[PDB]
file target.pdb (PDB, C-alpha atoms)
ATOM      1  CA  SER A   1      62.566 -67.545  42.686
ATOM      2  CA  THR A   2      62.995 -70.937  44.269
ATOM      3  CA  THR A   3      66.309 -72.570  43.439
ATOM      4  CA  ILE A   4      67.861 -75.865  44.513
ATOM      5  CA  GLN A   5      71.336 -77.099  45.416
ATOM      6  CA  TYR A   6      71.955 -80.839  45.362
ATOM      7  CA  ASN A   7      74.707 -83.299  46.202
ATOM      8  CA  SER A   8      76.092 -84.902  43.026
ATOM      9  CA  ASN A   9      75.270 -88.398  44.333
ATOM     10  CA  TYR A  10      71.592 -87.488  43.665
ATOM     11  CA  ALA A  11      72.121 -86.016  40.153
ATOM     12  CA  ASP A  12      69.873 -88.678  38.569
ATOM     13  CA  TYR A  13      67.059 -88.421  41.132
ATOM     14  CA  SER A  14      64.068 -86.103  40.825
ATOM     15  CA  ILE A  15      62.447 -84.217  43.665
ATOM     16  CA  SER A  16      59.783 -86.930  43.639
ATOM     17  CA  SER A  17      62.155 -89.895  43.680
ATOM     18  CA  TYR A  18      64.423 -88.277  46.303
ATOM     19  CA  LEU A  19      61.569 -87.382  48.684
ATOM     20  CA  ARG A  20      59.966 -90.809  48.308
ATOM     21  CA  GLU A  21      63.266 -92.447  49.288
ATOM     22  CA  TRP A  22      63.867 -89.966  52.137
ATOM     23  CA  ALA A  23      60.321 -90.258  53.522
ATOM     24  CA  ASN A  24      60.303 -94.069  53.377
ATOM     25  CA  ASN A  25      63.456 -94.168  55.482
ATOM     26  CA  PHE A  26      62.433 -91.340  57.828
ATOM     27  CA  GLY A  27      59.311 -93.367  58.614
ATOM     28  CA  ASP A  28      56.002 -92.413  60.232
ATOM     29  CA  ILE A  29      56.585 -90.493  63.484
ATOM     30  CA  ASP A  30      53.230 -91.674  64.769
ATOM     31  CA  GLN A  31      54.444 -95.290  64.701
ATOM     32  CA  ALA A  32      57.162 -94.512  67.256
ATOM     33  CA  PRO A  33      56.444 -94.844  71.001
ATOM     34  CA  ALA A  34      56.779 -91.791  73.213
ATOM     35  CA  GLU A  35      60.211 -92.862  74.492
ATOM     36  CA  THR A  36      61.740 -92.505  71.002
ATOM     37  CA  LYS A  37      59.181 -90.250  69.246
ATOM     38  CA  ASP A  38      61.333 -87.255  68.290
ATOM     39  CA  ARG A  39      59.175 -84.234  67.491
ATOM     40  CA  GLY A  40      62.101 -82.012  66.494
ATOM     41  CA  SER A  41      63.670 -78.900  67.959
ATOM     42  CA  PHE A  42      63.373 -75.130  67.378
ATOM     43  CA  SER A  43      66.265 -72.700  67.611
ATOM     44  CA  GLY A  44      66.810 -69.020  66.907
ATOM     45  CA  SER A  45      64.206 -67.512  69.262
ATOM     46  CA  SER A  46      64.202 -67.306  73.041
ATOM     47  CA  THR A  47      61.087 -69.486  73.349
ATOM     48  CA  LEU A  48      59.915 -73.069  73.089
ATOM     49  CA  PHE A  49      57.481 -73.388  70.171
ATOM     50  CA  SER A  50      58.849 -70.991  67.569
ATOM     51  CA  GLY A  51      62.146 -70.141  65.960
ATOM     52  CA  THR A  52      64.137 -69.369  62.864
ATOM     53  CA  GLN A  53      65.140 -73.046  62.523
ATOM     54  CA  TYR A  54      63.197 -76.294  62.981
ATOM     55  CA  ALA A  55      65.166 -79.534  62.737
ATOM     56  CA  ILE A  56      63.922 -83.129  63.038
ATOM     57  CA  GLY A  57      65.475 -86.567  62.562
ATOM     58  CA  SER A  58      63.893 -89.985  62.111
ATOM     59  CA  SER A  59      62.326 -91.638  65.156
ATOM     60  CA  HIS A  60      63.045 -95.080  63.654
ATOM     61  CA  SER A  61      66.812 -95.431  64.217
ATOM     62  CA  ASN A  62      67.549 -94.140  60.716
ATOM     63  CA  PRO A  63      69.788 -91.172  59.900
ATOM     64  CA  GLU A  64      67.440 -89.177  57.650
ATOM     65  CA  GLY A  65      66.641 -85.664  58.806
ATOM     66  CA  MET A  66      65.318 -82.327  57.596
ATOM     67  CA  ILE A  67      65.867 -78.682  58.533
ATOM     68  CA  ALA A  68      63.510 -75.777  57.859
ATOM     69  CA  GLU A  69      64.551 -72.151  58.293
ATOM     70  CA  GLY A  70      62.364 -69.052  58.222
ATOM     71  CA  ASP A  71      59.727 -67.569  60.540
ATOM     72  CA  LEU A  72      58.544 -70.802  62.083
ATOM     73  CA  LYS A  73      55.601 -70.946  64.450
ATOM     74  CA  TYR A  74      53.778 -73.790  66.140
ATOM     75  CA  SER A  75      50.416 -73.036  67.673
ATOM     76  CA  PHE A  76      50.596 -75.723  70.398
ATOM     77  CA  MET A  77      47.309 -76.195  72.316
ATOM     78  CA  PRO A  78      44.744 -76.799  71.110
ATOM     79  CA  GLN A  79      45.164 -76.950  67.296
ATOM     80  CA  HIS A  80      48.853 -77.911  66.972
ATOM     81  CA  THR A  81      49.388 -76.179  63.614
ATOM     82  CA  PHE A  82      52.761 -75.358  62.053
ATOM     83  CA  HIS A  83      52.575 -71.997  60.314
ATOM     84  CA  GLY A  84      54.548 -68.936  59.295
ATOM     85  CA  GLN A  85      56.988 -69.086  56.410
ATOM     86  CA  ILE A  86      59.714 -71.552  55.454
ATOM     87  CA  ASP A  87      62.384 -69.844  53.352
ATOM     88  CA  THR A  88      64.925 -72.679  53.282
ATOM     89  CA  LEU A  89      64.218 -76.415  53.388
ATOM     90  CA  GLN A  90      67.021 -78.952  53.557
ATOM     91  CA  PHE A  91      67.079 -82.745  53.474
ATOM     92  CA  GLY A  92      69.891 -85.127  54.311
ATOM     93  CA  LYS A  93      71.277 -87.381  56.980
ATOM     94  CA  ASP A  94      72.961 -87.209  60.369
ATOM     95  CA  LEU A  95      71.673 -84.184  62.264
ATOM     96  CA  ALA A  96      74.182 -82.774  64.743
ATOM     97  CA  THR A  97      74.187 -79.821  67.116
ATOM     98  CA  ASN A  98      76.022 -76.583  66.308
ATOM     99  CA  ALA A  99      78.192 -74.874  68.905
ATOM    100  CA  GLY A 100      76.208 -73.256  71.700
ATOM    101  CA  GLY A 101      75.554 -69.557  72.155
ATOM    102  CA  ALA A 102      72.988 -72.468  68.118
ATOM    103  CA  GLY A 103      70.902 -74.796  66.013
ATOM    104  CA  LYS A 104      71.522 -78.002  64.132
ATOM    105  CA  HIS A 105      73.142 -78.975  60.885
ATOM    106  CA  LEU A 106      73.057 -82.020  58.634
ATOM    107  CA  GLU A 107      76.445 -83.705  58.371
ATOM    108  CA  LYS A 108      75.311 -85.099  54.986
ATOM    109  CA  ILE A 109      73.392 -82.502  52.976
ATOM    110  CA  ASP A 110      71.515 -84.008  50.032
ATOM    111  CA  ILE A 111      69.050 -81.355  48.736
ATOM    112  CA  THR A 112      68.463 -77.711  49.700
ATOM    113  CA  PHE A 113      65.548 -75.533  48.538
ATOM    114  CA  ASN A 114      66.425 -71.830  48.601
ATOM    115  CA  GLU A 115      63.679 -69.145  48.763
ATOM    116  CA  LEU A 116      60.959 -71.805  48.883
ATOM    117  CA  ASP A 117      58.324 -69.343  50.190
ATOM    118  CA  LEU A 118      56.388 -72.195  51.804
ATOM    119  CA  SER A 119      53.866 -70.502  54.054
ATOM    120  CA  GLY A 120      50.770 -71.066  56.094
ATOM    121  CA  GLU A 121      48.332 -68.943  58.035
ATOM    122  CA  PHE A 122      46.728 -69.840  61.349
ATOM    123  CA  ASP A 123      43.275 -68.650  62.455
ATOM    124  CA  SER A 124      42.206 -69.744  65.929
ATOM    125  CA  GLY A 125      38.543 -69.320  64.908
ATOM    126  CA  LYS A 126      38.728 -71.861  62.097
ATOM    127  CA  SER A 127      38.555 -75.616  62.645
ATOM    128  CA  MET A 128      41.551 -77.900  63.026
ATOM    129  CA  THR A 129      40.630 -79.432  59.673
ATOM    130  CA  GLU A 130      40.938 -76.055  57.920
ATOM    131  CA  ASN A 131      44.094 -74.912  59.704
ATOM    132  CA  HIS A 132      45.729 -78.249  58.920
ATOM    133  CA  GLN A 133      45.148 -77.571  55.175
ATOM    134  CA  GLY A 134      47.730 -74.741  55.054
ATOM    135  CA  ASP A 135      50.638 -75.503  52.724
ATOM    136  CA  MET A 136      53.314 -75.380  55.406
ATOM    137  CA  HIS A 137      51.445 -77.538  57.911
ATOM    138  CA  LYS A 138      50.206 -80.228  55.512
ATOM    139  CA  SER A 139      53.518 -80.603  53.733
ATOM    140  CA  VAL A 140      55.717 -80.822  56.862
ATOM    141  CA  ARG A 141      53.248 -83.017  58.722
ATOM    142  CA  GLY A 142      53.112 -85.363  55.738
ATOM    143  CA  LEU A 143      56.908 -85.674  55.656
ATOM    144  CA  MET A 144      56.979 -86.367  59.411
ATOM    145  CA  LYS A 145      54.530 -89.223  58.742
ATOM    146  CA  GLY A 146      56.652 -90.705  55.951
ATOM    147  CA  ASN A 147      54.391 -89.268  53.249
ATOM    148  CA  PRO A 148      55.983 -86.947  50.665
ATOM    149  CA  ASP A 149      52.838 -86.498  48.573
ATOM    150  CA  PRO A 150      51.532 -83.287  50.217
ATOM    151  CA  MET A 151      54.928 -81.606  49.835
ATOM    152  CA  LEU A 152      55.145 -82.737  46.227
ATOM    153  CA  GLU A 153      51.694 -81.209  45.570
ATOM    154  CA  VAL A 154      52.844 -77.923  47.110
ATOM    155  CA  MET A 155      55.957 -77.930  44.969
ATOM    156  CA  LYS A 156      53.940 -78.619  41.804
ATOM    157  CA  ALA A 157      51.614 -75.738  42.718
ATOM    158  CA  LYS A 158      54.711 -73.538  42.897
ATOM    159  CA  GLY A 159      55.555 -74.461  39.293
ATOM    160  CA  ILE A 160      58.523 -76.625  40.353
ATOM    161  CA  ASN A 161      58.887 -79.682  38.116
ATOM    162  CA  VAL A 162      59.083 -82.651  40.489
ATOM    163  CA  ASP A 163      59.877 -85.242  37.785
ATOM    164  CA  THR A 164      62.997 -83.715  36.203
ATOM    165  CA  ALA A 165      66.310 -85.127  37.391
ATOM    166  CA  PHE A 166      68.367 -82.621  39.361
ATOM    167  CA  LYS A 167      71.105 -82.605  36.716
ATOM    168  CA  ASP A 168      68.508 -81.511  34.120
ATOM    169  CA  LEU A 169      66.544 -79.028  36.262
ATOM    170  CA  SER A 170      67.124 -75.416  35.219
ATOM    171  CA  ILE A 171      66.674 -74.146  38.793
ATOM    172  CA  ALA A 172      69.159 -76.616  40.339
ATOM    173  CA  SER A 173      72.911 -76.268  40.934
ATOM    174  CA  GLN A 174      75.160 -79.101  42.088
ATOM    175  CA  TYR A 175      77.127 -78.602  45.262
ATOM    176  CA  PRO A 176      80.854 -78.546  44.405
ATOM    177  CA  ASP A 177      82.589 -81.927  44.678
TER     178      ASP A 177
END

call {"tool": "encode", "arguments": {"input": "target.pdb", "output": "structure tokens"}}
result
Amino acid sequence: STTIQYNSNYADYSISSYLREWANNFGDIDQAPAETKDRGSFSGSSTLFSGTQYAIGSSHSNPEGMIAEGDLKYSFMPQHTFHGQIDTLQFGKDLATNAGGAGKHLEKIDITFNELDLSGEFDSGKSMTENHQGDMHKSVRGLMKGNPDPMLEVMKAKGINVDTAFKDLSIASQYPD
């Protein structure tokens, strides 16, 4: 089952209120110019467009960031679809690089989803419109564009209550203080 760990400073927030705050501050990646448009980084595999971790911070001089872990694949040219399976999804602030030999961490961890089972399939013979409708792609793309609604819809479809405060959510445990 999906469970959640949360920093006690967010005990009164819900998934919805937290992600709306996080996404507003992360901002829309597509409104950043190339020089500062940070498309994130993969680690965990010896190749460029896939990995066991994907980490991305705001392109708008704000500290918000998110980390996904799982079997993470990006189809690159020509359909640019994120697919595979996200097992862990973490939101917070202040991404920093781990020691080399590797990946990133959030210096301020706010919310972590454990065993999220957020997946998407890619079929090169389907259109870009259809491939972009996979749960993993639409939800992560939306967050990158400052829009938490697709991820919230995916979480509701998983039976996760996105309106309950973390302190009252039966699947959520506070991080120790």

call {"tool": "atom_distance", "arguments": {"input": "target.pdb", "atom1": "atom CA of residue A:44", "atom2": "atom CA of residue A:101"}}
result
10.2 Å

call {"tool": "resolve_selection", "arguments": {"input": "target.pdb", "expression": "the PyMOL selection byres ((chain A and resi 52) around 10)", "output": "compact mmCIF listing (two decimals) with C-alpha atoms, in the frame of the given file"}}
result
# COMPACT_ATOMS: atom_id res chain seq x y z
CA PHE A 42 63.37 -75.13 67.38
CA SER A 43 66.26 -72.70 67.61
CA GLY A 44 66.81 -69.02 66.91
CA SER A 45 64.21 -67.51 69.26
CA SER A 50 58.85 -70.99 67.57
CA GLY A 51 62.15 -70.14 65.96
CA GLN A 53 65.14 -73.05 62.52
CA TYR A 54 63.20 -76.29 62.98
CA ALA A 68 63.51 -75.78 57.86
CA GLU A 69 64.55 -72.15 58.29
CA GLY A 70 62.36 -69.05 58.22
CA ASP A 71 59.73 -67.57 60.54
CA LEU A 72 58.54 -70.80 62.08
CA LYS A 73 55.60 -70.95 64.45
CA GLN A 85 56.99 -69.09 56.41
CA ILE A 86 59.71 -71.55 55.45
CA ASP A 87 62.38 -69.84 53.35
CA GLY A 103 70.90 -74.80 66.01

call {"tool": "resolve_selection", "arguments": {"input": "target.pdb", "expression": "the PyMOL selection byres ((chain A and resi 158-160) around 12)", "output": "NGL selection string"}}
result
:A and (1-4 or 14-16 or 113 or 115-119 or 135 or 151-157 or 161-166 or 169-172)

call {"tool": "resolve_selection", "arguments": {"input": "target.pdb", "expression": "the PyMOL selection byres ((chain A and resi 76-78) around 12)", "output": "list in words"}}
result
residues 48, 49, 50, 73, 74, 75, 79, 80, 81, 82, 83, 122, 123, 124, 125, 126, 127, 128 and 131 of chain A

call {"tool": "closest_residue", "arguments": {"input": "target.pdb", "among": "A:19, A:6, A:12, A:88", "to": "residue A:150", "atoms": "all atoms listed in the file"}}
result
A:19

call {"tool": "closest_residue", "arguments": {"input": "target.pdb", "among": "A:147, A:112, A:139, A:173", "to": "residue A:89", "atoms": "all atoms listed in the file"}}
result
A:112

call {"tool": "axis_aligned_box", "arguments": {"input": "target.pdb", "around": "stretch 100-119 of chain A", "padding_each_side": "4 Å", "output": "lines of an AutoDock Vina configuration file"}}
result
center_x = 65.2
center_y = -77.1
center_z = 60.3
size_x = 30.6
size_y = 24.0
size_z = 31.6

call {"tool": "atom_distance", "arguments": {"input": "target.pdb", "atom1": "atom CA of residue A:108", "atom2": "atom CA of residue A:90"}}
result
10.4 Å

call {"tool": "atom_distance", "arguments": {"input": "target.pdb", "atom1": "atom CA of residue A:62", "atom2": "atom CA of residue A:26"}}
result
6.5 Å

call {"tool": "closest_residue", "arguments": {"input": "target.pdb", "among": "A:30, A:22, A:107, A:133", "to": "residue A:145", "atoms": "all atoms listed in the file"}}
result
A:30

call {"tool": "residues_around", "arguments": {"input": "target.pdb", "residues": "residue A:92", "least_positions_apart": "3", "cutoff": "7 Å", "atoms": "all atoms listed in the file", "output": "PyMOL selection string"}}
result
chain A and resi 64-66+106+108-111

call {"tool": "closest_atom_pairs", "arguments": {"input": "target.pdb", "of": "stretch 45-127 of chain A", "to": "stretch 31-36 of chain A", "cutoff": "12 Å", "atoms": "all atoms listed in the file", "output": "Markdown table"}}
result
| residue | atom | partner | partner_atom | distance |
| --- | --- | --- | --- | --- |
| A:57 | CA | A:36 | CA | 11.0 |
| A:58 | CA | A:36 | CA | 9.5 |
| A:59 | CA | A:36 | CA | 5.9 |
| A:60 | CA | A:32 | CA | 6.9 |
| A:61 | CA | A:36 | CA | 9.0 |
| A:62 | CA | A:36 | CA | 11.9 |

call {"tool": "closest_residue", "arguments": {"input": "target.pdb", "among": "A:148, A:176, A:63, A:27", "to": "residue A:96", "atoms": "all atoms listed in the file"}}
result
A:63
